[PDB]
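What follows is a pair of forms of the same protein chain, given separately as structure tokens and numbered structure 1 and structure 2.
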Structure 1
């Protein structure tokens, strides 16, 4: 991979981790609708990360 692709892959992995950290924060606050949105977000983040891994 190039250095620019490595950066992009690391960023997608970071976002994917961050959305799981926020999901647990929103579960601690019992913010139901926001946690449902956030779970979908983390799944969408994982889909991007895996797409980057396959391409790069």
Structure 2
């Protein structure tokens, strides 16, 4: 294993593992976004009922 070979390996492994983290973090953003949408919808329908 040359220096460049090992580095390429470290880099690919880290990226493989960090993309799973990013995906999981996206799941969390989607949950917030959906809750924001449901609140926005109740907000709109409350405003419609007012005016």
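By rigid core we mean the largest C-alpha set that fits within 1.5 Å across both forms. Residues that one form lacks are left out of the comparison. Numbering follows the first chain given and starts at 1.
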Open item on the list: After core superposition, I'd like to know whether residue 24 moves between the two structures (criterion: C-alpha shift of 2 angstroms or more).
Closed with: no
TODO: Compare the position of the CA of residue 50 between the two structures after a rigid core fit and state whether the shift reaches 2 Å.
DONE: yes
Open item on the list: Checking residue 9 here: with the core superposed, does its CA move 2 Å or more between the two structures?
Closed with: no
- [ ] Any chance you could measure the C-alpha shift of residue 41 between the two structures with the core superposed, in Å?
- [x] 26.6
Open item on the list: Please list, in sequence order, every run of 3 or more consecutive shared residues whose CA atoms are displaced by 2 Å or more between the two structures on a core superposition.
Closed with: 35-56
